[PDB]
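See structure below.
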Amino acid sequence: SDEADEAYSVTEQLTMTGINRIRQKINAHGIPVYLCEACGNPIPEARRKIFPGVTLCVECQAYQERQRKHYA
Amino acid sequence: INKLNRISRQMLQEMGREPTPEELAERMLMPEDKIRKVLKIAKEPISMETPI
Amino acid sequence: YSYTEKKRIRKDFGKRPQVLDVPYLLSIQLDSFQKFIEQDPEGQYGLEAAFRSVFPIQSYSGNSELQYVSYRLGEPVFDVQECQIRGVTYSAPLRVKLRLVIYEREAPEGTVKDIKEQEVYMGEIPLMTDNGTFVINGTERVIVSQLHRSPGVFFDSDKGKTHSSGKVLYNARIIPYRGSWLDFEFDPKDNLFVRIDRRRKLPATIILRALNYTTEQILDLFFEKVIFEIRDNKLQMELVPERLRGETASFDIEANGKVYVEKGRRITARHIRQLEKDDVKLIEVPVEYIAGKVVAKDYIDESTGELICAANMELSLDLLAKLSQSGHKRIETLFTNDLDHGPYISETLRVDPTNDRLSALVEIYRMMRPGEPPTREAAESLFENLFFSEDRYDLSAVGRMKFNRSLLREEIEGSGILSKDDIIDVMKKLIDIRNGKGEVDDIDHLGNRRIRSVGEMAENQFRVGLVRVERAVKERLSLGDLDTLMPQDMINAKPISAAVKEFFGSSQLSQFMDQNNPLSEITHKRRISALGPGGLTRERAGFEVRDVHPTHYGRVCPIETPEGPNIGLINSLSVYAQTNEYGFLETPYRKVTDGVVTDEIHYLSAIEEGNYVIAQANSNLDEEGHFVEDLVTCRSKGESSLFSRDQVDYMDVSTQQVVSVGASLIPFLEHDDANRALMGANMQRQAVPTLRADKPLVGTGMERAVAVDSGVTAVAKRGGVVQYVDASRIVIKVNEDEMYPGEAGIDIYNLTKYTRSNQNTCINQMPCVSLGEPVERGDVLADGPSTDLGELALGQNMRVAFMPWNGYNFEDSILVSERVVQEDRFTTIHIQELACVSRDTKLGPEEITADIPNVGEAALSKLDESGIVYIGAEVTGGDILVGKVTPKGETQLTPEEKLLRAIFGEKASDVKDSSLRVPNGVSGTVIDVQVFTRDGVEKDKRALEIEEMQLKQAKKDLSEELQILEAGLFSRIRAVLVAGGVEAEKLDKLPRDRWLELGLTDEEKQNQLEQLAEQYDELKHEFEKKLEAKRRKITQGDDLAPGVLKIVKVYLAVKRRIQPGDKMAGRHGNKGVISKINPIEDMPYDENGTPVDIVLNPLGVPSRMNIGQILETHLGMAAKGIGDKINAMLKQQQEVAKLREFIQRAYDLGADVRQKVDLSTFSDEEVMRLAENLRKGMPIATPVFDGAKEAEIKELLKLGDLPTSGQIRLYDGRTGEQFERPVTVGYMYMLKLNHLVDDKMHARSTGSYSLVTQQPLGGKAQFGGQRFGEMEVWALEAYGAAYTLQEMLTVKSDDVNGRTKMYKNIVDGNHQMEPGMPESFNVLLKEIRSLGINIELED
Ligand SMILES: [Zn+2]
């Protein structure tokens, strides 16, 4: 083949297995939890409506993601 | 050879551009093929492992 | 309209109105160099800013200062043509007027009493020609700009690749332009460690302590405060509620007596508002909330002066216990949270071994140079010179800018030395990057990478040379010789010139100017390499720089790079990109105030553009500069977005400002895969000029600018009329209004005829003007190679049909028709230079006589008497271009050969021949022959013949030119003698030379006549002296390598013709090897009878997502349809009426175009030259991301009577039955990449052999056997091919008896083989045995 013909497939695998992990972080299951598993705050109805099966309030999720951002 | 190097450096900075060996044939009292000979004789060998 | 543009005006699609015209494309090279070499009275840059940096040089207090006064650039010995012909570096001597002043050692402060003055010679500096290229050894070279990391402060992360857990570390380097580095590295346990120059790491706060800081103010600097109070009941605390935003309360948050949050709760924004809206100003919590904090500062007894607790002390219950007994009410702890305000400097204090400034300097000195005894003020001196000396350490002005910008300093310039302010700001920014407010630096971020260019790299090497020359001069001056030494006996011109000459002559940023093309030169000059001395290598980087960053926009082409080994390291500059005053790249942007897009442009750099909302080039505007959308596409900080109307800070200058000059000549770039356009630009950059350069029927309008701003076009220098044109020179009677007052003159350009570029293509200009034709300034007078009327014609647009056609284009191949090879629209001239030198063998000289042993007279009808071939003779392979023989003494011949000699009475000649014969395969016309002769030798007949020719031609040229200038001067003076001095035609008969002394008033007319007469006499004197110098140059000894007698150079002119195996290419990255040149009858032909010219494979269209080729095919068929209609009207001649009507219709034809041209202001013969230029096919412009959408292409395909769907029904040329499924046939621009097959194809049956390893060598480019590697050995081992491998490793390559035995066997009809032993192996035995090792072959 050629440079561009394999470069296409390298970029394509890159993009696909980059979409898939960002899409797997998305919650698709259903189990309402009503109580943030770190702080016990009641996860409001709407923030449970967007992502069904979310088991953290928005505050604790922001905290945990801020912690993730440095690889701790 | 040492005479040659010294006089060459001198003519390079006195005669403007550079010493032509026809000019060294006068600047020295030599026969002008002695000069070409001694110039082709003083050079060192290239190392056959020098990488292009 | 320009006269060269009413010749063939290109129908321009593209809707955006251009705001900033294209720059001068070669501007970086010329700009930076002529800033390097220029009398600029200040230390801005250049030479004198390199002289001031080391001048004046004083003795060691010696009362004698060698001070600089000025310099000057000498006159070049040789001009660039002679400099290439002789193999010299075109340069200029550099005179410098130093001055030695002396003071005798009495008073007062060095009385200047005995001074001197001179003009010294320090080295020659090469010169950039008018096209930005150098001539270094007769070869054209180009100094490619480098992209190096600027001084300053950088913050990087080292993301998850050292620690096992994956935690990142966030170091923060400080690299100065000159001095010591400083690095600040966290550790896996979150410890700040400052390591001065790259040796051992130290704890962070030791450097702070060395700054005369101690722990209490250190914590005050690096922290916020928390104040606990013993509120009579268990240590209740001061509280502000936003601090707690992310807390998990270990108690009942209660105020007003009112519980705000129950204990255990993660503190919420809700309770945040509750606290401050209710304004809790002091809280009460349990004591184990203070049980684990740390105290801010010192604490000592009012009882016995004993420490309550030291500064930076973890807390406990007994510590507050003793605080109570001390009566303390202010517990100063820190506000340390895991999330935002983490404790890092606190623990780094815990780890700090030292305690005070002296301990810190002790540790620093022990690290810097261990072993020696330290000392208090000795260590003080070392430290306070490390980063605080004007002498030693210096972040230069760019370094200071990068510093004060990378910390968000309001100022932009300051010291060159560090400060406590600076290092503390660095540490703060680092820990706040660790906290999570900030970001690490992208390394490739083009705000962090400067650009040296040719001048800014030549001056640095000049500085190296000058440093060594100044140290020599200083050590010499210290020797108290006298006031007799003049400053030329002291200062050597060897080191300076040597350093700068090895820069220009050998370094990775001085390359052969790729020249196979106008675009190739112009895109090799504008190149931004990222390698070389001072820049990272290939191994060490590495994908830090190997990729594009969202700040490459408008600075570096995102697509144009060499694919292959170094991708993304040799990024090429974009169209409008300039360089900052510092060295940083900047691009224009329209200033867009509140809602109106002003046409004042504004060059933003990279560091600044990431703080503005920049518009989008394709953003509509309502005739005033107001975006006709509400929201508008913009790019604020990296991420693009939608921003409202009143937020945009800048707009883009024009839509081609993201792509380079190479990738802006592609039409429909926005319909191509990215990598396809990359391959397309790279393969456009190799196109070989053709015989008849054509034009793009589908271009992007950048052709004109790229060709003019290149060198090859001979663009006019001043308006006027073409007085006498010719195939070798254009003479221009300039206008009077564009004329100089005295010294009338007329511009005479001489055109470069057939001469060879560096790539052996033929570079040759041709006049595109006609006698009597007007010209305006900036017009085009002559097309160089691959230009058509000031357009870049790199290819030829041929009628291509996309369809398979019989496997002859199976993978990528290309089925070319015979008309392509008869019409000679790829026949391309290559001028090759063959040399033949006469050396001085030990056995004596070598002759070049025309008598050579062992060749009949039939093979010498070409050579003249003197030995060298006739100019114009048509030679081919094996002929002798030069007849040279070398003495063979003596033969010592064989047995029976002796008998055969006796039998036929012959004599083995004392000489054998080594004569220069054409390399095999070549076939061409000897078009020029020069004879360089050593000075001692005497010229043969041919050398003196060529000197005769050269002198007569120099005389003829100088006299033709002086005659043209004479004629211009005479006619101007005559036109003055028409008024005021009235002899209307009573002046056209008496002697014209009797006009410098003829009648007039003594008016301004008379002053003019005197000035013009002086111009005449000056012309005479000047051209006389020029002829004398030129003749002395022609007949003057040539310098030569030591040992060479004479050298004879021949220039064949091979003429390549397209043939199966050549590479061709569209511009859209569709390469392909021609696989068959089938006849005409056999080609697919449309219903009207015309056959397609080139059949391409459709299957390479959807795999490789380059739909640019299909849309260019449609638009090209459309344009040739318009051309067809014009040609039938202009051939069946109607009149200017119908013709002007049809052209006017085909010229409006679009959406809101910017190309309103109207043939209402034309002549009626100025429409006929136009509409004859539009008969081969009417060009069409298509700016890169502003092209002609498919609606317009249908419209134009409908203008001509072509089918709207872009597809025809071809009929088969061999069976005549129509191909079902109608095919695409259009006009595509096929280049011809000069991967020509006949420089690819070689063979070797037997030849030379290397000298140590007796392997096949060739070396004549190239008889080399194939490199039968190791992986091929395994391919043969996977087979049972043991005999094939054995002969492929012993008798074919090495075994010196097996190979002769094998040749004899083959010629004797026996295919046996005597395997013998490979010479590599027994050499290996000899070497293993040359150690103390005995290795034998046992039997
Ligand atoms: Zn939570």
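Please note that chains go A, B, ... in the order of the structure tokens, that every chain numbers its residues from 1, and that ligands are numbered from 1 in the order shown.
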Residues near range 44-56 of chain A, cut-off 7 Å, only C-alpha atoms, skip fewer than 4 positions along chain, as a VMD selection string:
chain A and resid 27 to 33 36 to 37 60 to 61
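Among all protein and nucleic acid residues, the ones that lie within 9 Å of ligand 1 when counting only C-alpha atoms and all ligand atoms are residues 35, 36, 37, 38, 39, 40, 41, 42, 43, 55, 56, 57, 58, 59, 60, 61, 62 and 63 of chain A; 266 and 268 of chain C.
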Tell me as a ChimeraX atom specification which residues belonging to chain C come within 8 Å of chain B, counting only C-alpha atoms.
/C:121,488,492-493,1042-1043
Would you put the residues from that selection into a file with C-alpha atoms, as an mmCIF file, in the first residue's frame?
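So the final result, stored in out-v5.cif, reads:
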data_model
loop_
_atom_site.group_PDB
_atom_site.id
_atom_site.type_symbol
_atom_site.label_atom_id
_atom_site.label_comp_id
_atom_site.auth_asym_id
_atom_site.auth_seq_id
_atom_site.Cartn_x
_atom_site.Cartn_y
_atom_site.Cartn_z
ATOM 1 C CA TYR C 121 40.889 42.304 7.598
ATOM 2 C CA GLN C 488 46.715 44.033 12.113
ATOM 3 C CA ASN C 492 44.347 37.013 13.160
ATOM 4 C CA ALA C 493 41.741 36.539 10.447
ATOM 5 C CA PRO C 1042 46.849 20.096 -5.545
ATOM 6 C CA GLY C 1043 48.029 17.534 -8.051
#
In Å and to one decimal, CA of residue 810 in chain C is distant from CA of residue 674 in chain C by 24.5 Å
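Note that CA of residue 1234 in chain C and CA of residue 1093 in chain C are 20.3 Å apart.
As for CA of residue 31 in chain C and CA of residue 130 in chain C, they are spaced 11.4 Å apart.
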